[PDB]
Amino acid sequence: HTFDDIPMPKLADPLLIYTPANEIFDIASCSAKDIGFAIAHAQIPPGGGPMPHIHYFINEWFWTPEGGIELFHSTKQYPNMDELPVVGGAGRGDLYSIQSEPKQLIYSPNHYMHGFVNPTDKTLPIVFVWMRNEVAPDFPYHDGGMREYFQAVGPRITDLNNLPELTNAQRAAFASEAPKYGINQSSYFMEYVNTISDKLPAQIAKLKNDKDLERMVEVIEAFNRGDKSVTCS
């Protein structure tokens, strides 16, 4: 399953963040009467990527223009934010790996466990779209909290030549602050993981939601034309 293009909202003041998962973000939040989301055009260096985690306030799309990124995705859902999937109690979960191909679009609904890594020796592009769900609260940017999460825990890139140094406190906050933004984020790779299998189950591979993505693309392009019925900032 492929998708041709996801354009970037062109803000006057672009927000560029180096996440503590070693991801280079150019990120923005947008909303219209019917919808709100955050969108990031990212560059992932070798070894970059978030450890396995679960979302409660958003549905997520991943678009990989040159492939290469390896995604991880569960078949099981975790609708209860208060039950971490850990050795402690509610139990670790099984993950399945996806070797992304060029222009592939992966859809991950709320409550699924996922993450990704760049396992190659070259920096690879990726685009994330995080859409506000029906149970998300109103954050300042109306996007279900994702841009607020990254802006709070990742250092801003004031110079894309001199990438900021990431600190222990920033890596820790990536984990510990995540619940305020509807994320259960693991702090080490195997914390939530029982197995990683390379045999992708059909029901995961078939996940798609092109309608909402298409709408959100309309909102971005309407924003870039100057349409004042929508907002990005």
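All residue numbers are counted from 1 along the displayed sequence. Basically, rigid core = biggest C-alpha set you can superpose within 1.5 Å across the two forms.
- Query: Say the other structures are aligned on the rigid core; which stretch then has the higher CA RMS in 4 other deposited structures of this protein, 118 to 126 or 137 to 145?
  - Reply: This comes out as 137 to 145, the stretch further from the shown form in 4 other deposited structures of this protein.
- Task: Taking the root mean square of C-alpha distances over all structures and residues in 4 other deposited structures of this protein, with a rigid core superposition, name the larger of 146 to 154 and 97 to 105.
- Result: Most displaced of the pair in 4 other deposited structures of this protein: 146 to 154.
- Item | Stretch with the greater mean C-alpha B-factor as recorded in the entry, comparing 46 to 54 against 200 to 208 | Per the PDB entry, the higher value belongs to 200 to 208.
- Taking the recorded C-alpha temperature factors, which stretch has the higher mean, 84 to 92 or 109 to 117? Taking the mean B-factor of the alpha carbons in each, 84 to 92 is higher.
- Query: When the CA B-factors of 71, 124, 127, 135 are compared as recorded in the entry, which is the largest?
  - Reply: Of the candidates given, the C-alpha B-factor peaks at 135.
- Quick one: which of 217, 24, 21, 11 shows the highest Cα temperature factor in the PDB entry? Out of 217, 24, 21, 11, the record gives the largest C-alpha B-factor to 11.
- Lowest, middle or highest third: where is residue 32 by Cα B-factor in its chain? Answer is highest: the recorded C-alpha B-factor places it there.
- Item | Lowest, middle or highest third - CA B-factor, residue 179 | Its C-alpha B-factor belongs to the highest third of this chain's values.
- Query: Thinking about Cα B factors across the chain, which third does residue 67 belong to?
  - Reply: Answer is middle: the recorded C-alpha B-factor places it there.
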